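Engineer:
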Ligand SMILES: c1ccc(C(OC2CCN(CCCCNc3ccc4nncn4n3)CC2)c2ccccc2)cc1
């Protein structure tokens, strides 16, 4: 219930850093990465995994999890580290979407912030612009919605503990 957390700066020489840096740079190589940290929130993680286990048991062969990007402002970083992303929350397939100044707002020092997030996209459908929760597939609903079902570029998650902000990327132009 507390959801306290630790923030650990990864070594650039760490394979985990390289993995995260590399996905970022598939579309954001022209930005400069200042650092990458891992967010360690035990409580938030178990709640996330609980829902994942529940989703795993219900969606058959579906690979319910994706690692997506989320741009946010500097000030929200503490709130997200603790509460995650609890009219849902939007995640990008490609980091250059999230890197836009509208989402990863540059702070007074010029730093921009993008989370590399584990998201339970689960089973999704095309999303219209007027959803508080996902529509019905009965009364059982989709897990997320997307701009395009075959070639997605963003997802929208609507429930608590459906995303974990595993890594934060601090970077600049
Ligand atoms: C007609 C139809 C729908 C509406 C509105 O519904 C949605 C439209 C704006 N959406 C925000 C999208 C921002 C992108 N979000 C990110 C944010 C970080 C980020 N990092 N990487 C990617 N992203 N995407 C959500 C709500 C509405 C709004 C308020 C009240 C009522 C209705 C209005 C008129």
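Numbering (UniProt numbering), first residue to last: 1613 to 1698, 1711 to 1761, 1766 to 1801.
The C-beta atom is built at its ideal place from N, Cα and C for all residues, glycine as well.
1) Assuming the contact rule is C-beta atoms closer than 8 angstroms, residue 1639 and residue 1752 should be a hit. Round their C-beta distance to whole Å, please.
2) Is residue 1753 near ligand 1, with its Cβ less than 8 angstroms from a heavy atom?
3) Taking contact to mean 3 or more Cβ pairs, one atom from each stretch, closer than 8 angstroms, check whether the region 1676-1688 and the region 1732-1747 are in contact.
4) In the DSSP output, what is residue 1683 paired with across the bridge?
5) Quick one, are the C-beta atoms of residue 1739 and residue 1782 less than 9 angstroms apart?
6) With a threshold of 8 angstroms, establish whether the CB of residue 1721 neighbours any heavy atom of ligand 1.
7) Taking residue 1790 and residue 1744 to be in contact with their CB atoms under 8 angstroms, please state how far apart those CB atoms are, rounded to whole angstroms.
8) For residue 1772 and residue 1642, what's the separation of their Cα atoms in angstroms?
9) Determine the DSSP secondary structure at residue 1628, reduced to helix, strand or coil.
10) Going by Cα to Cα distance, which pick from 1631, 1628, 1645 is closest to residue 1801?
11) Measure the beta-carbon distance from residue 1679 to residue 1653 and round it to whole angstroms, keeping in mind my assumption that it falls under 8 angstroms.
12) Between the C-alpha atoms of residue 1637 and residue 1682, what's the straight-line distance to the nearest angstrom?
13) Going by beta-carbon coordinates alone, are residue 1817 and residue 1786 separated by less than 9 angstroms?
14) Say the cut is 8 angstroms; is the CB of residue 1705 nearer than that to a heavy atom of ligand 1?
15) On the three-state DSSP scale, how would you describe residue 1729?
Structural biologist: Checking against the coordinates, here is how it stands:
1) So it is not a contact: roughly 27 angstroms between Cβ atoms.
2) yes
3) yes
4) 1738
5) no
6) yes
7) 5 angstroms
8) 31 angstroms
9) helix
10) The residue with the shortest Cα to Cα distance from residue 1801 is 1645.
11) About 17 angstroms; that fails the 8 angstroms criterion.
12) 15 angstroms
13) The chain is shown from 1613 up to 1801; residue 1817 falls before or after that span and cannot be answered.
14) Any question about the placement of residue 1705 has no answer from these coordinates, since the chain jumps from 1698 to 1711.
15) coil
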